[PDB]
Amino acid sequence: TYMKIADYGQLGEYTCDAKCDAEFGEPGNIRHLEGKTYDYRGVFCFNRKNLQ
Amino acid sequence: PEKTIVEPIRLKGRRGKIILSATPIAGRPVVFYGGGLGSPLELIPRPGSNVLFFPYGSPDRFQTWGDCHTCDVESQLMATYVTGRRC
(Lines give C-alpha, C1' and ligand atoms only; values in the text may rest on other atoms or scores of the structure.)
Protein backbone atom coordinates (compact mmCIF):
# COMPACT_ATOMS: atom_id res chain seq x y z
CA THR A 1 0.00 0.00 0.00
CA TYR A 2 1.21 3.49 -0.89
CA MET A 3 0.18 7.13 -0.75
CA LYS A 4 -0.42 9.49 -3.67
CA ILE A 5 -0.89 13.26 -3.96
CA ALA A 6 -3.92 13.94 -6.15
CA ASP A 7 -3.42 17.71 -6.21
CA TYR A 8 -1.88 20.35 -3.99
CA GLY A 9 -4.88 22.64 -4.46
CA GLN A 10 -4.83 26.43 -4.33
CA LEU A 11 -3.85 28.26 -1.14
CA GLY A 12 -4.18 32.02 -0.84
CA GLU A 13 -5.15 34.61 -3.45
CA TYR A 14 -3.88 38.05 -4.41
CA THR A 15 -5.91 39.82 -1.78
CA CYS A 16 -6.40 43.57 -1.74
CA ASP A 17 -4.69 45.88 0.73
CA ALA A 18 -6.31 47.51 3.76
CA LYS A 19 -8.35 44.37 4.46
CA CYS A 20 -7.88 42.89 7.92
CA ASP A 21 -8.87 39.40 6.76
CA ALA A 22 -7.75 36.40 4.69
CA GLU A 23 -9.24 33.46 2.78
CA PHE A 24 -9.04 29.77 3.66
CA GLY A 25 -8.47 28.75 0.05
CA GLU A 26 -9.00 25.09 -0.75
CA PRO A 27 -6.98 22.17 0.66
CA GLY A 28 -5.31 19.54 -1.46
CA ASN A 29 -5.95 15.80 -1.55
CA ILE A 30 -4.02 12.69 -0.57
CA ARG A 31 -5.22 9.24 -1.59
CA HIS A 32 -4.03 5.88 -0.27
CA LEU A 33 -3.93 3.10 -2.87
CA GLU A 34 -2.87 -0.51 -2.58
CA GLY A 35 -2.14 -3.59 -4.66
CA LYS A 36 -1.78 -7.35 -4.53
CA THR A 37 0.71 -9.83 -5.99
CA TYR A 38 -0.56 -12.63 -8.23
CA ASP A 39 0.80 -16.15 -8.45
CA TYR A 40 1.75 -18.29 -11.44
CA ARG A 41 1.82 -22.07 -11.18
CA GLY A 42 1.99 -25.21 -13.26
CA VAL A 43 2.68 -28.93 -13.17
CA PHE A 44 4.41 -31.56 -15.30
CA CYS A 45 4.99 -35.29 -14.93
CA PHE A 46 6.97 -38.18 -16.40
CA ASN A 47 6.83 -41.98 -16.54
CA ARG A 48 10.07 -42.91 -14.71
CA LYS A 49 10.82 -45.63 -17.27
CA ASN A 50 11.99 -43.55 -20.19
CA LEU A 51 13.45 -41.15 -17.62
CA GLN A 52 15.63 -44.01 -16.36
CA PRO B 1 -10.05 -64.24 -49.36
CA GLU B 2 -8.26 -60.88 -49.76
CA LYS B 3 -8.79 -59.74 -46.18
CA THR B 4 -7.06 -56.65 -44.79
CA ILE B 5 -5.77 -56.39 -41.23
CA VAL B 6 -4.69 -53.55 -38.94
CA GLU B 7 -3.11 -54.95 -35.76
CA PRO B 8 -0.79 -53.70 -33.00
CA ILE B 9 2.78 -55.03 -32.89
CA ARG B 10 4.71 -55.83 -29.71
CA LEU B 11 8.38 -55.70 -30.67
CA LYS B 12 10.45 -58.76 -29.81
CA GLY B 13 14.21 -59.24 -29.79
CA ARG B 14 17.41 -57.22 -29.88
CA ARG B 15 17.38 -57.48 -33.68
CA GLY B 16 13.69 -56.56 -33.83
CA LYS B 17 11.77 -59.61 -35.02
CA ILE B 18 8.13 -58.86 -35.83
CA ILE B 19 5.73 -61.80 -36.14
CA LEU B 20 2.56 -61.12 -38.11
CA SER B 21 -0.45 -63.36 -37.57
CA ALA B 22 -1.63 -63.57 -41.18
CA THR B 23 1.27 -63.89 -43.68
CA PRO B 24 1.02 -60.84 -45.97
CA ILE B 25 0.25 -61.91 -49.57
CA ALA B 26 3.41 -61.81 -51.73
CA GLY B 27 4.90 -58.42 -52.50
CA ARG B 28 2.60 -55.77 -51.16
CA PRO B 29 4.51 -53.53 -48.73
CA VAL B 30 3.21 -54.02 -45.21
CA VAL B 31 3.07 -50.62 -43.53
CA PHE B 32 4.04 -49.77 -39.95
CA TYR B 33 2.75 -46.60 -38.32
CA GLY B 34 2.30 -45.09 -34.90
CA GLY B 35 4.69 -45.91 -32.10
CA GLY B 36 6.66 -42.68 -32.33
CA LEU B 37 7.41 -43.13 -36.03
CA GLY B 38 7.22 -39.72 -37.68
CA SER B 39 5.89 -41.20 -40.91
CA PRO B 40 4.43 -44.56 -41.94
CA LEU B 41 7.08 -46.88 -43.35
CA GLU B 42 6.74 -49.82 -45.72
CA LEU B 43 8.53 -53.17 -45.80
CA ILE B 44 8.41 -56.18 -48.12
CA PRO B 45 7.73 -59.52 -46.39
CA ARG B 46 9.25 -62.79 -47.30
CA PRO B 47 6.90 -64.89 -49.44
CA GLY B 48 4.95 -67.42 -47.41
CA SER B 49 6.35 -66.40 -44.02
CA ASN B 50 5.35 -63.77 -41.47
CA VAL B 51 8.66 -62.74 -39.88
CA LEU B 52 10.00 -59.23 -40.45
CA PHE B 53 13.14 -57.43 -39.29
CA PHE B 54 12.60 -53.88 -38.07
CA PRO B 55 15.25 -51.50 -39.46
CA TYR B 56 17.36 -50.48 -36.47
CA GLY B 57 17.85 -47.03 -37.98
CA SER B 58 14.72 -45.31 -36.90
CA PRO B 59 13.28 -42.65 -39.25
CA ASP B 60 11.83 -40.34 -36.59
CA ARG B 61 10.87 -40.32 -32.91
CA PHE B 62 7.98 -37.99 -32.07
CA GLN B 63 8.39 -38.14 -28.31
CA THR B 64 6.30 -36.00 -25.99
CA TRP B 65 8.41 -35.40 -22.86
CA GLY B 66 6.28 -33.92 -20.10
CA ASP B 67 2.51 -34.35 -19.97
CA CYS B 68 0.03 -34.98 -17.16
CA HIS B 69 -3.06 -35.96 -19.14
CA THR B 70 -1.61 -39.28 -20.35
CA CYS B 71 1.75 -39.39 -18.50
CA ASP B 72 3.16 -39.47 -22.07
CA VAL B 73 3.36 -43.24 -21.87
CA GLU B 74 3.34 -44.05 -25.61
CA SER B 75 1.11 -44.52 -28.62
CA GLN B 76 1.46 -48.16 -29.53
CA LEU B 77 2.87 -49.18 -32.90
CA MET B 78 0.48 -50.78 -35.39
CA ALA B 79 0.88 -52.57 -38.69
CA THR B 80 -1.37 -52.87 -41.71
CA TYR B 81 -1.40 -55.37 -44.56
CA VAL B 82 -3.59 -57.73 -46.60
CA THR B 83 -3.70 -61.50 -46.25
CA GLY B 84 -5.26 -64.60 -47.75
CA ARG B 85 -5.22 -65.28 -51.45
CA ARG B 86 -6.52 -63.79 -54.64
CA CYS B 87 -8.80 -66.15 -56.52
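Scope of this entry: the structure provided in the associated data block. (Residues numbered from 1 in each chain as written, not as in the entry; some residues may be left out. Chains lettered and ligands numbered in written order. Part of a larger assembly, values for the part shown. Heavy atoms only, no water.)

**Notes on the overall build of chain A**
From N to C terminus, chain A includes zero helices and two strands. Relative to the globule expectation of 10 Å for 52 residues, the C-alpha radius of gyration of chain A, 30 Å, shows a markedly less compact shape. Considered along the principal axes of its C-alpha atoms, chain A spans approximately 95 × 10 × 10 Å. Here chain A holds 52 residues, and 4% of them are scored as buried. Accessible surface, chain A as shown: approximately 5900 Å² in total, 54% of it carbon and sulfur. One finds the centroid of the 7 positive side-chain charges in chain A at a distance of 32 Å from the centroid of its 8 negative side-chain charges. (Helix = DSSP H or I, 4+ residues; strand = E, 2+ residues; numbered from the N terminus. Rg over C-alpha atoms; globule rule 2.2 N^0.38 Å. Buried < 20%, exposed > 50% of the residue type's maximum accessible area, 1.4 Å probe, protein only. Areas by Shrake-Rupley, 256 points an atom, 1.4 Å probe, with all protein chains shown as cover. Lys, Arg positive; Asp, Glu negative; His and termini not counted. Charge placed at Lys NZ, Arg CZ, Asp CG, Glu CD.)

**Side note on a nonpolar patch on the surface**
A surface patch of nonpolar side chains, amounting to about 510 Å² of accessible area, comprises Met3, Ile5, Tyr8 and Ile30 of chain A. The exposed category is assigned to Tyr8 of chain A, whose relative accessible area is 68%. (Patch = residues over 30% accessible without salt bridge, like charges linked within 9 Å, V, L, I, M, F, W, Y side chains within 5 Å. Salt bridge = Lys/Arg side-chain N within 4 Å of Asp/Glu carboxyl O.)

**Digging into the packing of aromatic side chains**
Centre-to-centre distance and the angle between the planes together describe a pair of aromatic rings. Residue and element names in this part refer to chain B. Counting across every chain of the model gives two aromatic pairs over all chains. Ring centres of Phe32 and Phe54 lie 6.2 Å apart, and the angle between their planes is 65 degrees; on these two criteria the pair is classed as edge-to-face. Residue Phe32 is found in strand β3 (residues 30–34), and its partner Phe54 is found in the loop between β5 (51–53) and β6 (77–83); the two are separated by 22 residues along the sequence. For the pair formed by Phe32 and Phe54, the shared burial category is buried. (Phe/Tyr/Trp six-rings, centres within 6.5 Å; stacked < 30°, edge-to-face > 60°.)

**Considerations on the environment of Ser39 of chain B**
All names here are of chain B. Here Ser39 is to be found in the loop between β3 and β4 (41–43). A relative accessible area of 38% means that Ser39 is categorised as partly exposed. Measuring from C-alpha to C-alpha, the distance between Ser39 and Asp60 comes to 7.4 Å, with 21 residues separating the pair along the chain. Here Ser39 is in contact with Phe32 and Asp60, once residues within four sequence places are set aside. (Contact = heavy atoms within 4.5 Å.)

**Considerations on the sheet that holds β6 of chain B**
Residue and element names in this part refer to chain B. Strand order in the open sheet formed by four strands is β1-β6-β3-β4, and the pairing between neighbours is antiparallel. Of all the strands in the sheet, the pair left with one neighbour each is β1 (3–8) and β4. The mean angle between the axes of side-by-side strands here comes to 25 degrees, regardless of whether they run parallel or antiparallel. Examined bridge by bridge, β3 and β4 share three bridges and lie antiparallel to one another. When the bridges of β4 are listed, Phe32 appears paired with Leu41. (Pairing = 2+ DSSP bridges. Axes fitted to C-alpha atoms, helices over the stretch in contact; angles between N-to-C directions.)

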